[PDB]
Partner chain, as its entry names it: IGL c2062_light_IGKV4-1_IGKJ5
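Let's start with one chain on its own, the form deposited without the partner chain, as structure tokens.
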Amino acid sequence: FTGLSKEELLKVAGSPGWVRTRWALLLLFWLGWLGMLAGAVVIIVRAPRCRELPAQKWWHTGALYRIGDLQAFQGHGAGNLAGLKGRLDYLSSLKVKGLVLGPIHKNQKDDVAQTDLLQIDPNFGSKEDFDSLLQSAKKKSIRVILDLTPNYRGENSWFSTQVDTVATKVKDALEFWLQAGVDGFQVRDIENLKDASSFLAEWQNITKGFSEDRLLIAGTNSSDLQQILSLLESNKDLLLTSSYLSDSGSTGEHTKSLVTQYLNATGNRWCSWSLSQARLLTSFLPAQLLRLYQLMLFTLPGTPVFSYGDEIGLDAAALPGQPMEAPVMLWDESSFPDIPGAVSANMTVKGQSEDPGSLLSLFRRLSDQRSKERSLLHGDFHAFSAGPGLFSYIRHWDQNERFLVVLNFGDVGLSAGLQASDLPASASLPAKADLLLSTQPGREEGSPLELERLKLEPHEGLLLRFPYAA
């Protein structure tokens, strides 16, 4: 209606030049499409590839919980172990991937003959309740680790002279509990055992032969780096916890040196980060440093290990009369009716359950971040120099969201005083990054902050996060 009709177009657009132009345009379009495809292929091939998948085990995902004694953990009426099923929801809230359970085998003080590794103590429960607990834990996706200390009641944990008979009985109990359905084993006081290295090697070999998803935990009170390295000469897939990191109580650079030396000697292998084997966090640290150490342990490249009640900062000195080895858990305000004393929300599970500035909330957030982030899962470690009393390092796996952690062990405020000194160019820190949390309330979240003039309050921790770049 606003152009040439059919006959007019037929008469006009009949010249050979027009059909040649149409043919040329069609050819140009097709070659342009081919060139676009070739450019896409070129941009595909000239690109870095994904790095790898480490294929980590189940215990590489999250932290481990050491129940230890059962009576103190659940207060009165804790004799039956099936009652721990009612506490499994608490562990799921804590989202722990393991559970170190205390010794249950029959043991009458130092009576070697009266010590069966297959007999469950009547006060603790029965085999059927143990199987029910295992089934419930598997349903909730929490593994169970059982301790086999030959003497958990006497002063000598290895029955003194008796070495061959106890070795044979725990060797049999290995297969017995492995076919029972356990997920890992733990022993303690190895330093008090004669020529124990061969025993640990044999037990680790048996456990690995039974299955690939099994564990073996060893605990000693030796803080000598050389001794720990010697104990790891014949074994490399063994998780050992000791007092090497503890009993320092000094500046942050000392801890940095200790960690760097341990990583250098081990060879960037997989390790376990724990203050001690059976002691609480408060047993060696003041109340002002618990949050800093909790932040540090959840970011180091290893498997963190905690004792029961240390997520709420339980202290044994307070509420006197409780033995330091097995302090009672403070569930609620009435969790300790036997011993009247200090009762408040700052030191109860339900009291801290709603406080956003409490230890429990920080513990839950840190556990979630550790269990949900790939860089915190199997990233790399790089520590650079900082101010006199500041510990700083970064985590990054291949290309995911990077992490930066800065801690101030000093008791006075100071500036950042940091330089790049970064070996991986792909992990070079930019000037802009977000903030996740701090141990001291009074800061905002998610604000892109300059990474040059950080002012650190006494006993402060930071969780800088920056995205991947070139």
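Positions refer to the first chain, counted from 1.
What comes next is about the form deposited with the partner chain bound, which does not appear here.
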| request: Classify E333 as contacting or not contacting the partner chain in the deposited bound form by the rule of any non-hydrogen atom within 4.5 angstroms, answering yes or no. | output: yes
| Are any of the heavy atoms in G249 no more than 4.5 Å from a heavy atom of the partner chain in the deposited bound form? | no
| According to a 4.5 angstroms non-hydrogen atom cut-off, is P320 in contact with the partner chain in the deposited bound form? | yes
| task | Considering only heavy atoms, tell me if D338 and the partner chain come within 4.5 Å of each other in the deposited bound form. | result | yes
| Counting only heavy atoms and a 4.5 Å cutoff, which of 387 to 395, 299 to 307, 129 to 137, 339 to 347 contacts the partner chain in the deposited bound form? | 339 to 347
